[PDB]
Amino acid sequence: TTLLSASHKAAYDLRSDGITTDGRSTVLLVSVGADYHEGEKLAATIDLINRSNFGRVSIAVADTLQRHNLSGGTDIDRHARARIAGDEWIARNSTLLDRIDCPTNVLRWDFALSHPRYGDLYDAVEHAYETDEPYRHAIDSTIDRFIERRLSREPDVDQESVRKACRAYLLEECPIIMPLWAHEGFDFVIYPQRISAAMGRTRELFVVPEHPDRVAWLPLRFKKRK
């Protein structure tokens, strides 16, 4: 009963009765640069993981994916800078991740992108963005939320630079998190934010049909202790 964060408690933002975590496969999605996947907030997340008694945990270091958010230089400098981010994130939080009782693995974003299925899965998703009206509306709207988020701070920013980047981000994220990890035998995805509209529809078209039991989204709710 030795805790990793005495000051915080992480919990699943769901109806707990419908969650049986014991011995299941789960991914811990890490969008590098988020406060959520850092320090005392991340320490409580691991307390919850160990409490969950999973069978195996994949630590998805979504590093290079963040290159679409970075500004300046060539896409090479943006990519390699976003790589370093992850390089640093693993170094910073390694000792905390070692404290996951069940077997773990660190998946770097470039290793996901290089999976043999990634090819066809991207095209499947892109085609779905063209054909499926719900997905099209779900993606176009999530991009419009991200554009208005960056324009509140910086109104001088190039519109199509933000649109192209958010389209790129989402369209690259989706084939991995839903259909790939579904195929890779995962039962859940632990992320601190509740599933996006675009992610939801990806699950609906690519996961739900044949594997509605796989890669089920588990959002997080944090609270301080005493």
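Quick note: we count residues from 1 along the sequence shown, nothing fancier.
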### Query
Taking the recorded C-alpha temperature factors, which stretch has the higher mean, 176 to 184 or 31 to 39?
31 to 39
## Note on the structure
Looking only at C-alpha temperature factors in the entry, 95 to 103 or 151 to 159, the higher average sits in 151 to 159
### Query
For the listed residues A62, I190, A165, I59, which one has the largest C-alpha B-factor as given in the deposited model?
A165
### Query
If you check the C-alpha B-factor for each of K9, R203, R24, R214 in the entry, which is highest?
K9
### Query
What third of its chain, lowest, middle or highest, does the C-alpha temperature factor of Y118 fall into?
lowest
### Task
Just say lowest, middle or highest third for the CA B-factor of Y135 relative to the other modelled residues in its chain.
middle
### Message
What third of the chain does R78 rank in for C-alpha temperature factor, lowest, middle or highest?
### Response
highest
### Query
By the record's CA B-factor, is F111 among the lowest, middle or highest third of residues in the chain?
lowest
